[PDB]
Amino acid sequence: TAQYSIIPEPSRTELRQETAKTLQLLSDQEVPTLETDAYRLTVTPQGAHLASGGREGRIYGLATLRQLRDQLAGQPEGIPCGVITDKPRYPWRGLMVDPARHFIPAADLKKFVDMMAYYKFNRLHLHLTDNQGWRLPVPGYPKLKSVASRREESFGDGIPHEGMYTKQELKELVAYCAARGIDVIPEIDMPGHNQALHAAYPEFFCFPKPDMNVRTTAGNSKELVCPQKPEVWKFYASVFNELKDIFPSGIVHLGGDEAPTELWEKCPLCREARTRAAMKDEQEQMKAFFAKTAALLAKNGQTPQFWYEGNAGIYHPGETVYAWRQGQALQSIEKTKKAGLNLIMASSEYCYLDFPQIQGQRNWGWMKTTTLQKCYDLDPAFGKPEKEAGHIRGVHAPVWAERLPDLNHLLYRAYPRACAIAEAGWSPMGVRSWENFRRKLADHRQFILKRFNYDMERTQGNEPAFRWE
């Protein structure tokens, strides 16, 4: 029967037995009887009444009101009256874009931000640096622009790809997201994922190779910055100061996935440094490296985030890690609870949106299929109650862009599974069901077509064409 098609599903909906043909905002109050992230929207035959506990809840309420107006535009007979009392299950609901692999122009970022805000996402994670490119401008290091932001091709396509954001563009993005209720989280991978950095500044590395080029294929790089060189730390101080000036969130994602340490083992500087500090192997050196980086961030008033590694030992209680490996989600939950860490659920089994969403679509020889229903199966706590898994801050979906060269491909792979991620991050389990979500997404096809002029229809053969083989 008559109901709302709001994604994510509100925490409480009470429908009433008459129809409203107008959603004109008649009242808009800030009330202390709601949490700062909660709202109450009342639909009456005369219009809508919005109450919110704060600016964040008001932004969420306006998103819900937009979805209601999009529904009303398609139902000339009107939508049901009622009362929506809403607040999120988790305070962290994030998407990650990967401009390092493929640069994303500022206007495409604005469109992406608008779409994710329509679904009450509040975290935007920028994977700014990797082997295939460096997108963060740092004063005093212009080769990052002239070398590390340009690559000759991508997987042998013979087409150069390049791009780097300006400080002004990044501050514009920050203000844009803030106006839409989204905090921006930069990621600067270290000490690895630095082939582009090595192409730009080989003297930062244990074995400088002047012929090093920015990587044009996937895979791992053995090139780690040398922790013994003072210019490395001067450079990272400069990077962190730029991040402090640009991104007010004060959160810096350092990557932190297990790096191959063969070159550290061979490095004469690092060899004598390990001997001098009585370090047994290169994992103690990695611990010392991350301790130094964390001290630097803390002196700047910044806080680190990591891709979780169970037996890394580089973490301090209170810090935040991401669960990402296939089938390690519950183990990561329990390990972080033991170690006093906070956890963000980004498990590749449910949250990696670079994987094909329909079986048979391009998998590039390794990607498994993550359907929309599979995605919606995601419970970030994995059956545990909030009183038992209170250290879980929320959900995070990465859209890795090795094979996503423009916004069209990016949005094709990101949606509509990002809607499922949003509902998993926002809606309590009591109001979640695959049937309701499927109905609502069927309506949201037209909602998105009307509001963003974007086509969310997904068939096996309607994915935009690629240039690779």
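Numbers for residues come from their place in the sequence shown, where the first is 1.
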> On average, which has the higher Cα B-factor in the deposited entry, 120 to 128 or 359 to 367?
Replying inline: 359 to 367
>> So, looking at the entry's B-factor column for Cα atoms, which has the higher mean, 304 to 312 or 196 to 204?
In response: 304 to 312
> For the listed 352, 236, 134, 155, which has the peak Cα B-factor recorded in the PDB entry?
Replying inline: 155
> At the C-alpha atoms, which of 114, 242, 272, 282 reaches the highest B-factor in this entry?
Replying inline: 282
> Hey, what third does residue 60 fall into on Cα B-factor, ranked over its chain?
Replying inline: middle
>> Could you place residue 417 in the lowest, middle or highest third of its chain by Cα temperature factor, using the values in the record?
In response: lowest
>> Per the entry's values, where does residue 101 land by CA temperature factor relative to the rest of its chain, in the lowest, middle or highest third?
In response: lowest
>> When the deposited Cα B-factors of this chain's modelled residues are ordered and cut into thirds, is residue 7 in the lowest, the middle or the highest one?
In response: lowest
>> Taking only the Cα B-factors deposited for this chain, tell me whether residue 249 sits in the lowest, middle or highest third.
In response: middle
